[PDB]
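First up is the structure itself, then whatever we jot down about it.
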Amino acid sequence: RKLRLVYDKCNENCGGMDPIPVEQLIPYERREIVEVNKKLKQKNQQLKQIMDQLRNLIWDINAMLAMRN
Amino acid sequence: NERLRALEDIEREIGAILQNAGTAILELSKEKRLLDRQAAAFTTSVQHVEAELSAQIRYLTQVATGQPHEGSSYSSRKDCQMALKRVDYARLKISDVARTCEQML
């Protein structure tokens, strides 16, 4: 059902620049979105360092267990 | 363990009863009487200590030249210290990870 619906939606989506011959012609504001992406990647790098510390502690705990009996 | 502590408590109670019987015999024969006859039993209690002496005489006496119970067996104690140290290290690492996570928010 959803496939039929999305196919009908894609068919009805042909509004403006209908031919768009760039298919056979394949090659051979956005600032706010880019800034949000940069901030997201910065927070992701921070969380990556946090996860690095966490996995370092986890490897340390594994080392302790290596000493276990 | 159980038997040693029991025999020790028995010897301590025997000594306490001997001291109490001696004090009672002194208080009875000092001033004023048939109860003084029981005072003689106090001397018998003294003989009990002699039996304990005999109990100590013909006791184990493993070597009577050295000390028995070789080894403090505190290897387990050292292992427990290492376990507690590992627990503390894990607590410290967990606290560091928690500080990092709180800073992530």
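Ordered as shown in the structure tokens, chains take letters A, B, and onward, while each chain numbers its residues from 1 and ligands are numbered from 1 in the order shown.
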Next item on the list: When you get a sec, could you note down which chain B residues fall within 12 Å of chain A, using only C-alpha atoms, as an MDAnalysis selection string?
Entry: chainID B and resid 76 79:80 82:105
Which of chain B counts as helix (DSSP H, G or I) under DSSP, as a JSON list (two decimals) with N, CA, C and O atoms, in the first residue's frame please?
[["chain", "number", "residue", "atom", "x", "y", "z"],
["B", 2, "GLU", "N", 35.73, -22.71, 67.29],
["B", 2, "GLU", "CA", 34.67, -22.82, 68.29],
["B", 2, "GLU", "C", 35.19, -23.47, 69.57],
["B", 2, "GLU", "O", 35.00, -22.94, 70.67],
["B", 3, "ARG", "N", 35.85, -24.62, 69.44],
["B", 3, "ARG", "CA", 36.30, -25.36, 70.61],
["B", 3, "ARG", "C", 37.37, -24.61, 71.39],
["B", 3, "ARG", "O", 37.37, -24.63, 72.62],
["B", 4, "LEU", "N", 38.28, -23.93, 70.69],
["B", 4, "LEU", "CA", 39.33, -23.18, 71.38],
["B", 4, "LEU", "C", 38.73, -22.03, 72.18],
["B", 4, "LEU", "O", 39.08, -21.83, 73.36],
["B", 5, "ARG", "N", 37.83, -21.26, 71.57],
["B", 5, "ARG", "CA", 37.19, -20.17, 72.28],
["B", 5, "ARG", "C", 36.35, -20.69, 73.44],
["B", 5, "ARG", "O", 36.27, -20.06, 74.50],
["B", 6, "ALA", "N", 35.71, -21.85, 73.25],
["B", 6, "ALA", "CA", 34.91, -22.43, 74.33],
["B", 6, "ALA", "C", 35.78, -22.83, 75.51],
["B", 6, "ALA", "O", 35.44, -22.56, 76.66],
["B", 7, "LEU", "N", 36.92, -23.49, 75.24],
["B", 7, "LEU", "CA", 37.82, -23.87, 76.32],
["B", 7, "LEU", "C", 38.42, -22.65, 77.01],
["B", 7, "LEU", "O", 38.60, -22.64, 78.23],
["B", 8, "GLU", "N", 38.71, -21.60, 76.24],
["B", 8, "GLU", "CA", 39.23, -20.37, 76.83],
["B", 8, "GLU", "C", 38.19, -19.72, 77.74],
["B", 8, "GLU", "O", 38.52, -19.30, 78.86],
["B", 9, "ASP", "N", 36.95, -19.62, 77.27],
["B", 9, "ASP", "CA", 35.89, -19.07, 78.11],
["B", 9, "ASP", "C", 35.65, -19.93, 79.34],
["B", 9, "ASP", "O", 35.36, -19.42, 80.42],
["B", 10, "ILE", "N", 35.80, -21.25, 79.19],
["B", 10, "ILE", "CA", 35.62, -22.15, 80.33],
["B", 10, "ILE", "C", 36.71, -21.91, 81.37],
["B", 10, "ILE", "O", 36.44, -21.86, 82.57],
["B", 11, "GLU", "N", 37.96, -21.76, 80.92],
["B", 11, "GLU", "CA", 39.05, -21.49, 81.86],
["B", 11, "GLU", "C", 38.87, -20.14, 82.53],
["B", 11, "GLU", "O", 39.13, -19.99, 83.73],
["B", 12, "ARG", "N", 38.42, -19.13, 81.77],
["B", 12, "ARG", "CA", 38.19, -17.82, 82.36],
["B", 12, "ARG", "C", 37.08, -17.86, 83.40],
["B", 12, "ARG", "O", 37.20, -17.27, 84.48],
["B", 13, "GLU", "N", 35.99, -18.56, 83.09],
["B", 13, "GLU", "CA", 34.90, -18.70, 84.05],
["B", 13, "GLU", "C", 35.33, -19.49, 85.27],
["B", 13, "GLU", "O", 34.90, -19.21, 86.39],
["B", 14, "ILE", "N", 36.20, -20.49, 85.08],
["B", 14, "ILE", "CA", 36.72, -21.26, 86.21],
["B", 14, "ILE", "C", 37.55, -20.37, 87.12],
["B", 14, "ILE", "O", 37.41, -20.42, 88.35],
["B", 15, "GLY", "N", 38.41, -19.54, 86.53],
["B", 15, "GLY", "CA", 39.18, -18.61, 87.34],
["B", 15, "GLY", "C", 38.31, -17.60, 88.07],
["B", 15, "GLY", "O", 38.54, -17.30, 89.24],
["B", 16, "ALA", "N", 37.29, -17.09, 87.38],
["B", 16, "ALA", "CA", 36.38, -16.14, 88.02],
["B", 16, "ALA", "C", 35.62, -16.78, 89.17],
["B", 16, "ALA", "O", 35.47, -16.18, 90.24],
["B", 17, "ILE", "N", 35.15, -18.02, 88.98],
["B", 17, "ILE", "CA", 34.42, -18.71, 90.03],
["B", 17, "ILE", "C", 35.35, -19.03, 91.20],
["B", 17, "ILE", "O", 34.94, -18.99, 92.36],
["B", 18, "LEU", "N", 36.61, -19.35, 90.91],
["B", 18, "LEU", "CA", 37.57, -19.61, 91.98],
["B", 18, "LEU", "C", 37.82, -18.35, 92.80],
["B", 18, "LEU", "O", 37.84, -18.40, 94.04],
["B", 19, "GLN", "N", 38.00, -17.21, 92.13],
["B", 19, "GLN", "CA", 38.19, -15.95, 92.85],
["B", 19, "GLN", "C", 36.96, -15.60, 93.68],
["B", 19, "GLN", "O", 37.08, -15.17, 94.83],
["B", 20, "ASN", "N", 35.77, -15.78, 93.11],
["B", 20, "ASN", "CA", 34.55, -15.47, 93.83],
["B", 20, "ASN", "C", 34.37, -16.39, 95.04],
["B", 20, "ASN", "O", 33.96, -15.94, 96.12],
["B", 21, "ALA", "N", 34.68, -17.68, 94.88],
["B", 21, "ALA", "CA", 34.56, -18.61, 95.99],
["B", 21, "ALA", "C", 35.58, -18.29, 97.08],
["B", 21, "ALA", "O", 35.26, -18.40, 98.27],
["B", 22, "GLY", "N", 36.79, -17.89, 96.70],
["B", 22, "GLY", "CA", 37.76, -17.47, 97.70],
["B", 22, "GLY", "C", 37.31, -16.24, 98.46],
["B", 22, "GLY", "O", 37.44, -16.18, 99.69],
["B", 23, "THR", "N", 36.77, -15.25, 97.75],
["B", 23, "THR", "CA", 36.27, -14.05, 98.41],
["B", 23, "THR", "C", 35.11, -14.39, 99.35],
["B", 23, "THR", "O", 35.03, -13.86, 100.47],
["B", 24, "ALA", "N", 34.21, -15.28, 98.92],
["B", 24, "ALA", "CA", 33.09, -15.67, 99.77],
["B", 24, "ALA", "C", 33.56, -16.43, 101.00],
["B", 24, "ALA", "O", 33.04, -16.23, 102.10],
["B", 25, "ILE", "N", 34.55, -17.32, 100.83],
["B", 25, "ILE", "CA", 35.09, -18.06, 101.96],
["B", 25, "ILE", "C", 35.75, -17.12, 102.95],
["B", 25, "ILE", "O", 35.60, -17.27, 104.17],
["B", 26, "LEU", "N", 36.48, -16.12, 102.45],
["B", 26, "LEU", "CA", 37.09, -15.14, 103.33],
["B", 26, "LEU", "C", 36.03, -14.34, 104.08],
["B", 26, "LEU", "O", 36.13, -14.16, 105.30],
["B", 27, "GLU", "N", 35.00, -13.88, 103.38],
["B", 27, "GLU", "CA", 33.94, -13.10, 104.02],
["B", 27, "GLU", "C", 33.17, -13.93, 105.04],
["B", 27, "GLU", "O", 32.70, -13.39, 106.05],
["B", 28, "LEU", "N", 33.03, -15.24, 104.80],
["B", 28, "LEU", "CA", 32.28, -16.07, 105.73],
["B", 28, "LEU", "C", 33.11, -16.43, 106.96],
["B", 28, "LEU", "O", 32.63, -16.29, 108.10],
["B", 29, "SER", "N", 34.35, -16.88, 106.76],
["B", 29, "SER", "CA", 35.20, -17.27, 107.88],
["B", 29, "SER", "C", 35.84, -16.08, 108.58],
["B", 29, "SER", "O", 36.53, -16.28, 109.59],
["B", 30, "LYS", "N", 35.65, -14.86, 108.08],
["B", 30, "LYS", "CA", 36.21, -13.69, 108.74],
["B", 30, "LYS", "C", 35.40, -13.32, 109.98],
["B", 30, "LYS", "O", 35.95, -13.25, 111.09],
["B", 36, "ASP", "N", 29.74, -21.93, 106.31],
["B", 36, "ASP", "CA", 31.20, -21.92, 106.18],
["B", 36, "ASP", "C", 31.71, -23.25, 105.64],
["B", 36, "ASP", "O", 32.81, -23.32, 105.07],
["B", 37, "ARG", "N", 30.93, -24.33, 105.81],
["B", 37, "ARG", "CA", 31.31, -25.61, 105.23],
["B", 37, "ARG", "C", 31.43, -25.51, 103.72],
["B", 37, "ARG", "O", 32.37, -26.07, 103.12],
["B", 38, "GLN", "N", 30.51, -24.80, 103.07],
["B", 38, "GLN", "CA", 30.61, -24.59, 101.63],
["B", 38, "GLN", "C", 31.88, -23.84, 101.27],
["B", 38, "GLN", "O", 32.39, -23.97, 100.15],
["B", 39, "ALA", "N", 32.41, -23.05, 102.21],
["B", 39, "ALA", "CA", 33.69, -22.38, 101.99],
["B", 39, "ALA", "C", 34.79, -23.39, 101.69],
["B", 39, "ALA", "O", 35.69, -23.11, 100.88],
["B", 40, "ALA", "N", 34.74, -24.56, 102.32],
["B", 40, "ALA", "CA", 35.71, -25.60, 102.02],
["B", 40, "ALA", "C", 35.66, -26.00, 100.56],
["B", 40, "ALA", "O", 36.70, -26.29, 99.94],
["B", 41, "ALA", "N", 34.46, -26.01, 99.97],
["B", 41, "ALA", "CA", 34.32, -26.32, 98.55],
["B", 41, "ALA", "C", 35.13, -25.36, 97.69],
["B", 41, "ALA", "O", 35.58, -25.72, 96.60],
["B", 42, "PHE", "N", 35.34, -24.12, 98.17],
["B", 42, "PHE", "CA", 36.20, -23.18, 97.47],
["B", 42, "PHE", "C", 37.58, -23.78, 97.23],
["B", 42, "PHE", "O", 38.13, -23.69, 96.12],
["B", 43, "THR", "N", 38.15, -24.40, 98.26],
["B", 43, "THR", "CA", 39.43, -25.09, 98.09],
["B", 43, "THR", "C", 39.34, -26.15, 97.01],
["B", 43, "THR", "O", 40.25, -26.29, 96.19],
["B", 44, "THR", "N", 38.22, -26.89, 96.98],
["B", 44, "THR", "CA", 38.01, -27.86, 95.91],
["B", 44, "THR", "C", 38.05, -27.18, 94.54],
["B", 44, "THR", "O", 38.62, -27.73, 93.59],
["B", 45, "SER", "N", 37.46, -25.99, 94.44],
["B", 45, "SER", "CA", 37.53, -25.24, 93.19],
["B", 45, "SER", "C", 38.98, -24.97, 92.80],
["B", 45, "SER", "O", 39.33, -25.03, 91.61],
["B", 46, "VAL", "N", 39.83, -24.69, 93.79],
["B", 46, "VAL", "CA", 41.25, -24.53, 93.52],
["B", 46, "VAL", "C", 41.81, -25.79, 92.87],
["B", 46, "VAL", "O", 42.58, -25.72, 91.90],
["B", 47, "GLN", "N", 41.42, -26.95, 93.40],
["B", 47, "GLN", "CA", 41.85, -28.21, 92.80],
["B", 47, "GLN", "C", 41.43, -28.29, 91.34],
["B", 47, "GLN", "O", 42.16, -28.85, 90.50],
["B", 48, "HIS", "N", 40.26, -27.72, 91.01],
["B", 48, "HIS", "CA", 39.83, -27.67, 89.61],
["B", 48, "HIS", "C", 40.88, -26.99, 88.74],
["B", 48, "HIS", "O", 41.22, -27.49, 87.66],
["B", 49, "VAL", "N", 41.43, -25.87, 89.22],
["B", 49, "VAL", "CA", 42.50, -25.20, 88.49],
["B", 49, "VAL", "C", 43.67, -26.16, 88.29],
["B", 49, "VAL", "O", 44.26, -26.23, 87.21],
["B", 50, "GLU", "N", 44.01, -26.91, 89.34],
["B", 50, "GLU", "CA", 45.05, -27.93, 89.21],
["B", 50, "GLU", "C", 44.72, -28.91, 88.09],
["B", 50, "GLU", "O", 45.58, -29.26, 87.28],
["B", 51, "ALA", "N", 43.45, -29.34, 88.03],
["B", 51, "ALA", "CA", 43.02, -30.17, 86.91],
["B", 51, "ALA", "C", 43.25, -29.46, 85.59],
["B", 51, "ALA", "O", 43.77, -30.04, 84.64],
["B", 52, "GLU", "N", 42.87, -28.18, 85.52],
["B", 52, "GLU", "CA", 43.20, -27.37, 84.35],
["B", 52, "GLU", "C", 44.71, -27.37, 84.12],
["B", 52, "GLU", "O", 45.16, -27.52, 82.98],
["B", 53, "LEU", "N", 45.49, -27.22, 85.19],
["B", 53, "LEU", "CA", 46.93, -27.39, 85.08],
["B", 53, "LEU", "C", 47.26, -28.75, 84.48],
["B", 53, "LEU", "O", 48.04, -28.84, 83.52],
["B", 54, "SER", "N", 46.66, -29.81, 85.01],
["B", 54, "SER", "CA", 46.80, -31.12, 84.39],
["B", 54, "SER", "C", 46.30, -31.09, 82.96],
["B", 54, "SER", "O", 46.94, -31.63, 82.05],
["B", 55, "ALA", "N", 45.16, -30.43, 82.72],
["B", 55, "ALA", "CA", 44.68, -30.24, 81.36],
["B", 55, "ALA", "C", 45.71, -29.51, 80.52],
["B", 55, "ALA", "O", 45.90, -29.82, 79.34],
["B", 56, "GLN", "N", 46.41, -28.54, 81.12],
["B", 56, "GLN", "CA", 47.50, -27.88, 80.41],
["B", 56, "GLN", "C", 48.76, -28.73, 80.41],
["B", 56, "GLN", "O", 49.57, -28.62, 79.49],
["B", 57, "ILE", "N", 48.93, -29.59, 81.42],
["B", 57, "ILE", "CA", 50.10, -30.45, 81.46],
["B", 57, "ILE", "C", 50.04, -31.49, 80.35],
["B", 57, "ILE", "O", 50.91, -31.54, 79.47],
["B", 75, "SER", "N", 48.02, -14.68, 52.57],
["B", 75, "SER", "CA", 47.95, -14.57, 51.12],
["B", 75, "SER", "C", 46.54, -14.21, 50.68],
["B", 75, "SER", "O", 46.35, -13.41, 49.77],
["B", 76, "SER", "N", 45.54, -14.80, 51.35],
["B", 76, "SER", "CA", 44.16, -14.41, 51.08],
["B", 76, "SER", "C", 43.92, -12.96, 51.44],
["B", 76, "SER", "O", 43.18, -12.25, 50.74],
["B", 77, "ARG", "N", 44.53, -12.48, 52.53],
["B", 77, "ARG", "CA", 44.39, -11.08, 52.90],
["B", 77, "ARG", "C", 44.99, -10.17, 51.83],
["B", 77, "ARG", "O", 44.40, -9.15, 51.48],
["B", 78, "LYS", "N", 46.16, -10.54, 51.31],
["B", 78, "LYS", "CA", 46.77, -9.76, 50.24],
["B", 78, "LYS", "C", 45.90, -9.77, 48.99],
["B", 78, "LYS", "O", 45.74, -8.74, 48.32],
["B", 79, "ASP", "N", 45.32, -10.93, 48.66],
["B", 79, "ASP", "CA", 44.42, -11.01, 47.52],
["B", 79, "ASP", "C", 43.20, -10.12, 47.73],
["B", 79, "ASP", "O", 42.72, -9.47, 46.79],
["B", 80, "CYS", "N", 42.70, -10.05, 48.96],
["B", 80, "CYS", "CA", 41.56, -9.18, 49.25],
["B", 80, "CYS", "C", 41.95, -7.71, 49.12],
["B", 80, "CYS", "O", 41.15, -6.89, 48.65],
["B", 81, "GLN", "N", 43.17, -7.36, 49.55],
["B", 81, "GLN", "CA", 43.64, -5.99, 49.34],
["B", 81, "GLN", "C", 43.70, -5.65, 47.86],
["B", 81, "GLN", "O", 43.28, -4.57, 47.45],
["B", 82, "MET", "N", 44.20, -6.58, 47.04],
["B", 82, "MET", "CA", 44.23, -6.34, 45.60],
["B", 82, "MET", "C", 42.82, -6.21, 45.04],
["B", 82, "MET", "O", 42.58, -5.37, 44.16],
["B", 83, "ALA", "N", 41.88, -7.01, 45.53],
["B", 83, "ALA", "CA", 40.51, -6.92, 45.04],
["B", 83, "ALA", "C", 39.89, -5.57, 45.39],
["B", 83, "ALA", "O", 39.23, -4.94, 44.56],
["B", 84, "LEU", "N", 40.10, -5.11, 46.62],
["B", 84, "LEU", "CA", 39.58, -3.81, 47.03],
["B", 84, "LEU", "C", 40.24, -2.69, 46.23],
["B", 84, "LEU", "O", 39.59, -1.70, 45.88],
["B", 85, "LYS", "N", 41.53, -2.84, 45.93],
["B", 85, "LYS", "CA", 42.22, -1.85, 45.11],
["B", 85, "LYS", "C", 41.65, -1.81, 43.70],
["B", 85, "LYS", "O", 41.47, -0.73, 43.13],
["B", 86, "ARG", "N", 41.35, -2.98, 43.14],
["B", 86, "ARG", "CA", 40.73, -3.02, 41.82],
["B", 86, "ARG", "C", 39.35, -2.38, 41.85],
["B", 86, "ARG", "O", 38.96, -1.68, 40.91],
["B", 87, "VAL", "N", 38.60, -2.63, 42.92],
["B", 87, "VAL", "CA", 37.28, -2.01, 43.05],
["B", 87, "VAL", "C", 37.40, -0.50, 43.11],
["B", 87, "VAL", "O", 36.62, 0.23, 42.49],
["B", 88, "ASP", "N", 38.39, 0.00, 43.86],
["B", 88, "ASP", "CA", 38.60, 1.44, 43.94],
["B", 88, "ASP", "C", 39.02, 2.02, 42.59],
["B", 88, "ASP", "O", 38.57, 3.11, 42.21],
["B", 89, "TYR", "N", 39.88, 1.31, 41.87],
["B", 89, "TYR", "CA", 40.28, 1.76, 40.54],
["B", 89, "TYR", "C", 39.09, 1.82, 39.60],
["B", 89, "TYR", "O", 38.95, 2.76, 38.81],
["B", 90, "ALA", "N", 38.21, 0.81, 39.67],
["B", 90, "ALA", "CA", 37.01, 0.81, 38.85],
["B", 90, "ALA", "C", 36.09, 1.96, 39.22],
["B", 90, "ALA", "O", 35.49, 2.59, 38.35],
["B", 91, "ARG", "N", 35.97, 2.24, 40.52],
["B", 91, "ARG", "CA", 35.16, 3.37, 40.96],
["B", 91, "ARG", "C", 35.72, 4.68, 40.42],
["B", 91, "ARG", "O", 34.97, 5.55, 39.98],
["B", 92, "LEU", "N", 37.05, 4.83, 40.44],
["B", 92, "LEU", "CA", 37.67, 6.04, 39.93],
["B", 92, "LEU", "C", 37.44, 6.19, 38.43],
["B", 92, "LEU", "O", 37.12, 7.28, 37.94],
["B", 93, "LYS", "N", 37.61, 5.10, 37.69],
["B", 93, "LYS", "CA", 37.37, 5.15, 36.25],
["B", 93, "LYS", "C", 35.92, 5.47, 35.94],
["B", 93, "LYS", "O", 35.62, 6.24, 35.02],
["B", 94, "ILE", "N", 35.00, 4.90, 36.72],
["B", 94, "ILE", "CA", 33.58, 5.18, 36.52],
["B", 94, "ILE", "C", 33.28, 6.64, 36.83],
["B", 94, "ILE", "O", 32.49, 7.28, 36.13],
["B", 95, "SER", "N", 33.92, 7.19, 37.87],
["B", 95, "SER", "CA", 33.72, 8.60, 38.19],
["B", 95, "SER", "C", 34.25, 9.50, 37.08],
["B", 95, "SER", "O", 33.63, 10.51, 36.74],
["B", 96, "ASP", "N", 35.39, 9.14, 36.50],
["B", 96, "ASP", "CA", 35.93, 9.91, 35.38],
["B", 96, "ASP", "C", 34.99, 9.85, 34.18],
["B", 96, "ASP", "O", 34.72, 10.88, 33.54],
["B", 97, "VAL", "N", 34.48, 8.66, 33.86],
["B", 97, "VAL", "CA", 33.55, 8.53, 32.75],
["B", 97, "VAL", "C", 32.27, 9.32, 33.02],
["B", 97, "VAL", "O", 31.70, 9.93, 32.11],
["B", 98, "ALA", "N", 31.82, 9.34, 34.27],
["B", 98, "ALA", "CA", 30.61, 10.08, 34.61],
["B", 98, "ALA", "C", 30.83, 11.58, 34.50],
["B", 98, "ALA", "O", 29.94, 12.31, 34.04],
["B", 99, "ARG", "N", 32.00, 12.06, 34.92],
["B", 99, "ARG", "CA", 32.32, 13.47, 34.73],
["B", 99, "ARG", "C", 32.36, 13.82, 33.26],
["B", 99, "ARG", "O", 31.86, 14.87, 32.85],
["B", 100, "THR", "N", 32.96, 12.95, 32.44],
["B", 100, "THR", "CA", 32.98, 13.19, 31.00],
["B", 100, "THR", "C", 31.57, 13.24, 30.42],
["B", 100, "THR", "O", 31.26, 14.10, 29.59],
["B", 101, "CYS", "N", 30.70, 12.33, 30.86],
["B", 101, "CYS", "CA", 29.33, 12.30, 30.35],
["B", 101, "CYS", "C", 28.56, 13.54, 30.78],
["B", 101, "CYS", "O", 27.80, 14.11, 29.98],
["B", 102, "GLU", "N", 28.73, 13.96, 32.03],
["B", 102, "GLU", "CA", 28.07, 15.18, 32.50],
["B", 102, "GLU", "C", 28.56, 16.39, 31.73],
["B", 102, "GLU", "O", 27.77, 17.29, 31.40],
["B", 103, "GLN", "N", 29.86, 16.44, 31.43],
["B", 103, "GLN", "CA", 30.38, 17.51, 30.59],
["B", 103, "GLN", "C", 29.85, 17.43, 29.17],
["B", 103, "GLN", "O", 29.75, 18.46, 28.49],
["B", 104, "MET", "N", 29.50, 16.23, 28.70],
["B", 104, "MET", "CA", 28.96, 16.09, 27.35],
["B", 104, "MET", "C", 27.59, 16.74, 27.23],
["B", 104, "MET", "O", 27.18, 17.13, 26.13]]
Note to self: For a test of reading the model, state the distance in Å between atom CA of residue A:10 and atom CA of residue A:23, rounded to one decimal.
What the structure shows: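 We find that atom CA of residue A:10 and atom CA of residue A:23 lie 16.1 Å from each other.
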